[PDB]
Amino acid sequence: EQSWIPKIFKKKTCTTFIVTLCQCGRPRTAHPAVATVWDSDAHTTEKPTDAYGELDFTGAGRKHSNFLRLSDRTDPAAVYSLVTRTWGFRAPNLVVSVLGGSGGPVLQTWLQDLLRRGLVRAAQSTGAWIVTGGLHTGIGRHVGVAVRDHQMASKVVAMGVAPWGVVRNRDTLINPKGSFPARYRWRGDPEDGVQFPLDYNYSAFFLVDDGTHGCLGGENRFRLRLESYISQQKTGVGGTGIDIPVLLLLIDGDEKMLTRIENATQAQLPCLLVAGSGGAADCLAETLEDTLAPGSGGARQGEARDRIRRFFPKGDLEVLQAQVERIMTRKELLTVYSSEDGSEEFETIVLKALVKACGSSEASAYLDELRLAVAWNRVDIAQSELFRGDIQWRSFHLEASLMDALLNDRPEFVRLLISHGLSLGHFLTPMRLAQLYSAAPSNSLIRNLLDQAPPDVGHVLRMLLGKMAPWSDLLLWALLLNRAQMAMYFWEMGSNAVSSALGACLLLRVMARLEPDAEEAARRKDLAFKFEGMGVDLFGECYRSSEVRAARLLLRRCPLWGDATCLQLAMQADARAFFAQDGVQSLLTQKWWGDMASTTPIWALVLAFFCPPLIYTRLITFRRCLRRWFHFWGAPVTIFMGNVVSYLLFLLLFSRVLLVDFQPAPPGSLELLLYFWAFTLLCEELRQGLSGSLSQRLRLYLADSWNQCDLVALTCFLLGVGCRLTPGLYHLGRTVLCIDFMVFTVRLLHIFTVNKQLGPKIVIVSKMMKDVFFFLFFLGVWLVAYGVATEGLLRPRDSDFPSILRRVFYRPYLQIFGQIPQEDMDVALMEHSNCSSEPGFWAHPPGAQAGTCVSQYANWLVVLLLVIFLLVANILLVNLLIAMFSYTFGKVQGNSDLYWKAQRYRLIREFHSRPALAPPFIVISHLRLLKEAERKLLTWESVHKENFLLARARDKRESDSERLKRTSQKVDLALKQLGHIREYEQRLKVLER
Ligand SMILES: Nc1ncnc2c1ncn2[C@@H]1O[C@H](COP(=O)(O)OP(=O)(O)OP(=O)(O)O)[C@@H](O)[C@H]1O
Ligand SMILES: [Ca+2]
Ligand SMILES: [Ca+2]
């Protein structure tokens with residue numbers, strides 16, 4: 001497609017010969033037959049360019065580097081259009097040109113670090129072009145090293161301009177037919193003076209042609225022209241975009257640099273000067289330090305500075321001084337970047353210069369500076385300069401900045417922008433949302449959900465949760481992209497603060513659980529905790545302000561973006577901290593007691609329960625008669641107690657049947673009653689699971705450990721009854737029921753989960769299993785070791801596999817509990833007799849299962865092992881176990897308490913929906929079974945929210961650290977004025993003459 005390049009461009013040639021050596025600098029065999037001070041255009045011929053192509057540097061590289069040869073007398077528009085269109089280079093959001101000679105093989109270490117850290121990172125963040133000398137020499141070489149080093153730790157496109165004559169290895173460049181690929185001998189062994197190679201760090205090269213064999217300054221005119229054109233160009237979308245800022249960064253140099261900066265200053269191009277660069281750079285910085293220095297006593301100083309700051313040759317010459325005066329004539333444009341002892345940052349300095357350079361007030365030329373302020377994180381500068389108030393603004397003007405801030409995750413900026421009266425409601429558009437959700441990072445988790453899923457966010461949430469106002473949308477977006485600060489601010493401006501906070505906590509925890517990155521989850525978890533901590537803090541403030549209002553309505557109400565009440569959101573989120581609050585705990589307790597006063601003594605309840613008429617007296621504090629009756633019997637607490645009493649009777653009946661009434665004969669009256677009673681238990685448990693999305697509710701019901709205990713209990717009961725009825729399995733049926741009774745009794749621990757002083761204990765017990773298993777495994781190993789060894793020594797003659805196991809495992813086990821059968825191990829306590837022809841001596845233990853007769857070869861060893869076994873198992877292990885419990889108990893006591901408090905809600909809800917009657921009678925119940933205030937409330941919530949925020953923010957401001965920070969700043973301001981006053985005193989003293 002590059003076929004048309006040669007026509008537009010041309011390669012200049014010396015043509016005419018100007019005086020062995022030729023003034024044009026191309027001494028060859030002979031100039032053309034056609035061939036005084038030589039001139040660039042007077043004695044040159046323009047011919048079609050014969051060096052365009054893309055370099056492919058030998059060895060390491062991207063195999064893509066555009067090389068172009070062009071004449072000096074060429075419009076910058078053509079090259080820029082070619083650069084923007086053909087090579088695919090994007091419109092530069094910023095362009096910063098590096099200039100200077102930087103005499104010496106290497107530059108100062110600090111200066112190199114400044115270049116690589118400051119310049120390169122800033123360009124990469126904003127994707128700024130960096131035009132420099134397209135050669136592997138001096139400053140250009142340093143830049144390439146900086147680009148190379150930055151790239152390695154990763155792209156920053158950094159074009160280069162170099163005169164054609166100076167380029168080395170130009171033979172492979174020359175190709176009139178064009179060279180889409182091209183091999184360059186960049187590793188040029190001979191470093192032959194002026195000729196230099198092309199540094200391969202740069203992406204594109206503008207080989208300025210002026211009909212010379214190598215010279216310097218021939219690219220100045222073209223370079224500046226291109227600088228001006230880019231300074232007068234709009235980025236993308238034709239002219240609908242905004243101007244492209246341009247900066248000239250100078251580092252040391254010579255008088256030639258001084259002319260370049262003067263020409264650039266004439267073209268209204270911002271310039272920045274690095275302090276400490278050296279000659280041709282410090283002199284200007286010094287002049288700025290003096291600024292409007294008095295003519296008397298300083299007029300000759302300029303000569304002194306040229307003498308010392310600049311090289312003596314031509315330094316005494318007043319030509320340099322004249323340029324400095326012209327340079328200072330436009331001192332507004334240029335500035336000085338003080339190293340500030342390795343400051344290492346210059347985004348503020350760059351922005352400060354640009355705003356100074358603008359000098360406008362229409363706010364139409366400050367969009368580019370604003371965008372750069374947004375792209376970089378510097379926001380304090382933006383408000384200080386862009387929003388000092390000297391310039392008005394409009395919503396459309398801020399729309400672009402807002403979008404970039406959001407996409408680039410610039411929280412401080414979006415806060416600032418919104419602070420300036422931006423009509424957010426009229427701003428948001430469905431298209432913009434699509435842009436936002438399209439701004440997910442590469443193959444992010446959100447992308448996966450979108451890919452599986454036109455934002456279509458509703459489907460995403462419906463999938464995430466389980467499928468069971470602009471602020472809300474922004475908050476939701478921020479949460480999905482995990483822009484913590486963005487979300488935090490949005491929630492701050494939200495409406496349903498407490499509900500939103502919990503919703504956000506739920507979403508992040510679900511997102512983190514599903515996040516496979518294994519690292520983003522940590523950040524999501526952290527943010528979730530932050531929101532929960534924020535929501536809990538807010539609610540506590542609301543609860544103190546107005547108990548009935550907040551508690552009752554603000555939670556029990558139906559929530560937003562869901563159908564499960566606000567508490568259920570907390571339950572899903574497992575917001576342990578939120579439930580731990582006194583307000584919620586008090587609220588739950590109130591619901592636990594139903595209509596009865598939560599302060600009702602427990603004994604009072606029991607007496608009423610056994611004396612139903614006693615409810616109507618003043619003992620219990622809360623048609624009227626019927627209403628009170630149902631209120632008493634409908635409260636969750638009474639349902640719980642009524643259920644407990646029934647359960648105890650069930651066990652009592654079970655034991656009575658099991659111990660006595662159970663016989664091989666067909667079931668008796670009580671046995672049948674138990675069956676019906678048990679069957680009713682099954683029916684009730686079925687209702688719980690079926691009314692906990694069939695697969696969903698079934699699964700969640702199974703999740704409860706207690707419900708698992710119920711299932712296993714009932715199933716065993718079914719097997720027991722089934723086996724019992726069958727003619728030939730009476731014994732097996734009885735056996736399994738006995739075990740079944742054990743399961744039912746153990747289920748009785750659910751009762752202790754209610755009391756506040758016991759519920760935490762049960763939780764802690766659940767966490768001790770780790771220690772118990774350690775003890776068992778350690779003990780199991782020891783028993784096997786000791787048991788087998790002891791059995792081996794004795795050599796009992798029974799040697800029957802059941803008995804062998806008894807002695808190997810059972811007997812040593814009991815020894816742990818003080819059951820030590822000495823007469824079965826110690827030969828001293830046993831009779832001596834003859835048992836078998838096997839050689840040796842034998843003894844006859846008296847025990848029944850101790851073996852008919854054991855060897856006594858080395859019996860002292862058996863006793864010795866017994867001594868060791870007791871020492872280890874009976875003292876060390878048991879005591880070690882006690883130590884582990886003590887440590888574990890102390891550690892997990894705090895967390896266990898929170899877990900119980902959170903679980904307390906689940907219990908209450910479970911008994912809230914249970915039918916009134918008790919299990920034995922519950923059958924009948926089963927048979928019988930088969931707006932302005934909201935606005936008022938929301939406003940009340942929000943007012944408390946901001947009060948809480950203002951108090952928190954004010955607290956931060958009053959903190960010591962902030963006072964110290966503010967104090968230091970005021971001192972600096974005071975020091976500033978003192979200096980100005982000192983200058984005022986000096987001038988007045990001079991005027992005193
Ligand atoms: N256009 C270029 N010409 C020469 N060196 C370049 C160029 N671009 C980058 N470099 C790097 O600059 C350094 C040039 O010095 P030089 O190659 O002599 O030293 P080196 O890295 O120790 O390796 P060696 O001397 O073995 O090639 C190398 O790191 C080379 O990779
Ligand atoms: Ca501008
Ligand atoms: Ca149950």
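If you restrict to DSSP beta bridges whose two residues both lie in the chain, what percentage is antiparallel, to the nearest 5?
Taking every DSSP beta bridge with both residues in the chain, the antiparallel ones total about 30 percent.
Rounded if a/c is under 1.5, else prolate if a/b beats b/c, else oblate: with a ≥ b ≥ c from the C-alpha gyration tensor eigenvalues square-rooted, which is the chain?
Prolate, since a/c reaches 1.5 and a/b exceeds b/c.
Quote the charge dipole size of the range 74-185 about the Cα centre in Debye, to the nearest 20; the model charges only the Cβ of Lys and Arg (+1) and of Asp and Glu (-1).
320
Which of the peptides 943-952, 975-984, 135-144 is most tightly packed, and how do the rest follow, judged by the mean count of other Cβ atoms within 10 Å per residue?
The packing order, highest mean first, is 135-144, 943-952, 975-984.
If each residue's Cβ is checked for other Cβ atoms within 10 Å, how do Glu532, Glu838, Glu941 rank with the fewest at the top?
Ranking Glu532, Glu838, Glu941 by Cβ neighbours within 10 Å, fewest first, gives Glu838, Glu941, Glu532.
Under the Karplus relation 6.51 cos²θ - 1.76 cosθ + 1.60, θ = phi - 60°, what is the ordered set of whole-Hz ³J(HN,Hα) values for the range 401-413, x standing for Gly and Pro?
Karplus-based 3J(HN,Hα) across the range 401-413 equals 4, 4, 4, 4, 4, 5, 5, 8, 6, 10, x, 4, 5 Hz.
First check a/c for the range 565-668, with a ≥ b ≥ c the square roots of the eigenvalues of its C-alpha gyration tensor; if it is under 1.5, answer rounded, and if not, answer prolate when a/b is larger than b/c or oblate otherwise.
oblate
Do the alpha carbons of any pairs in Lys155/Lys234; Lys155/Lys976; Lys591/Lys956; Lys47/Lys314; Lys12/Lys356; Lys352/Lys965 sit beyond 32 Å of each other, and which pairs?
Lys155/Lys976; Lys591/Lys956; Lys47/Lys314; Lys12/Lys356
Using θ = phi - 60° and the Karplus relation 6.51 cos²θ - 1.76 cosθ + 1.60, list the HN-Hα couplings for the range 476-489 in order, rounded to whole Hz, with x at every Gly or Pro.
Values, residue by residue: 4, 4, 4, 4, 4, 7, 6, 7, 3, 5, 4, 4, 4, 5 Hz.
Suppose every K and R has +1 on its Cβ and every D and E has -1 on its Cβ; what is the size of the dipole of the chain about the Cα centre, in Debye to the nearest 20?
2440
Which value, in debye to the nearest 20, describes the size of the charge dipole of the range 1-360 about its Cα centre when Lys and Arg Cβ atoms bear +1, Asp and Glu Cβ atoms bear -1, and nothing else is charged?
The dipole of the range 1-360 has a size of about 1200 debye.
Would you please give the residues with an amide H less than 5 Å from that of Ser65, counting only those at least 5 places away or on a separate chain, with H modeled from the backbone geometry?
Here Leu55 satisfy the definition.
Enter the Cα centre distance for the pair the range 705-730 and the range 473-546, rounded to the nearest angstrom.
One Cα centre to the other: 47 Å.
Using Cα centres only, tell me the gap between the range 917-978 and the range 251-292 in whole Å.
When both Cα centres are located, 54 Å separates them.
Report Rg(Cα)/(2.2 N^0.38 Å) for the range 366-453, keeping two decimals.
1.20
Report, by chain and number, residues whose modeled amide H sits under 5 Å from the one on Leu135, excluding near sequence neighbours (fewer than 5 apart, same chain).
When sequence neighbours closer than 5 places are left aside, the close amide H contacts are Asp199.
From the phi angles alone, apply the Karplus equation (6.51, -1.76, 1.60; θ = phi - 60°) to the range 884-889 and give each ³J(HN,Hα) in whole Hz, x where the residue is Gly or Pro.
5, 4, 4, 5, 4, 4
What is the order of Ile261, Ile875, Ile381, fewest Cβ neighbours within 10 Å to most?
So the ranking, lowest neighbour count to highest, is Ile875, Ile381, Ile261.
So if I take the centroid of the Cα atoms in the range 857-914 and the same for the range 74-102, what is the distance between those two points in Å?
Rounded to whole Å, the Cα centres lie 74 Å apart.
For the residues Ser296, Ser913, what sequence is obtained by ranking on other C-beta atoms within 10 Å, fewest first?
By the 10 Å Cβ count, ascending, the order reads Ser296, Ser913.
Around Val754, under 13 Å between beta carbons, what's the net of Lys plus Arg minus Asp minus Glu among the other residues?
+4
Scan around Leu248 for amide H atoms under 5 Å from its own, H built in the peptide plane at 1.01 Å from N, and keep only partners 5 or more places away or cross-chain.
For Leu248, whose amide H was placed from the backbone, the distant partners under 5 Å are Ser97, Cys271, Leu272.
Under the rule a/c < 1.5 gives rounded, and otherwise a/b versus b/c splits prolate from oblate, where does the range 405-548 land using the Cα gyration tensor?
Oblate is the answer for the range 405-548, as a/c is 1.5 or above yet b/c matches or exceeds a/b.
FYI the Cβ positions are ideal-geometry reconstructions off the backbone, even for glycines, and counts take in every protein chain you see. Every read-out reported here was derived from the displayed coordinates using simple, explicitly stated rules and does not represent laboratory data.
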